[PDB]
Amino acid sequence: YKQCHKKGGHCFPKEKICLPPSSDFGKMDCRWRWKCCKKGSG
């Protein structure tokens, strides 16, 4: 989980859709299918 948490990325499912974008990058170091955004959307 390190690289994820580096970008503040908590680890979230693609289905969650973190918006607004940029902070949700794509994937760092999550499960191969999940994504990450900086800890902050809702």
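Think of each number as a place in line: the chain as shown, counted from 1.
Placed from the backbone N, Cα and C atoms, the Cβ positions cover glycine too.
Feature annotation from Swiss-Prot assigns site 'Involved in the interaction surface toward Kv' to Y1, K2, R33, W34. Taken from Swiss-Prot, the feature motif 'Nuclear localization signal' covers 2-18, 27-39. Marked as disulfide bond by Swiss-Prot: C4-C36, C11-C30, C18-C37.
Within the same chain, residues 1-4, 6-14, 16, 18 sit at least 6 positions outside the motif 'Nuclear localization signal' (27-39) and bring their C-beta atoms closer than 8 Å to a C-beta of that stretch. Within the same chain, residues 24-25, 28-31, 33-41 sit at least 6 positions outside the motif 'Nuclear localization signal' (2-18) and bring their C-beta atoms closer than 8 Å to a C-beta of that stretch. Annotation note: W34 (site 'Involved in the interaction surface toward Kv') sits in a strand segment as assigned by DSSP. The Cα atom of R33 (site 'Involved in the interaction surface toward Kv') lies nearest to that of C11, taking the recorded positions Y1, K2, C4, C11, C18 as the candidates. Sequence-distant neighbours of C11 (disulfide bond): residues of the same chain at least 6 apart with a C-beta under 8 Å from its C-beta are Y1, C4, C30, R31, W34, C36. Applying an 8 A CB threshold to same-chain residues 6+ apart, the list for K2 (site 'Involved in the interaction surface toward Kv') reads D29.
With a 10 A radius on its CB, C18 (disulfide bond) counts 21 other CB atoms from all the protein chains. Taken residue by residue, the motif 'Nuclear localization signal' (2-18) breaks down under DSSP into 8 helix, 2 strand, 7 coil. Just so you know, the Cβ of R33 (site 'Involved in the interaction surface toward Kv') picks up 8 other Cβ atoms within 10 Å once every protein chain is counted.
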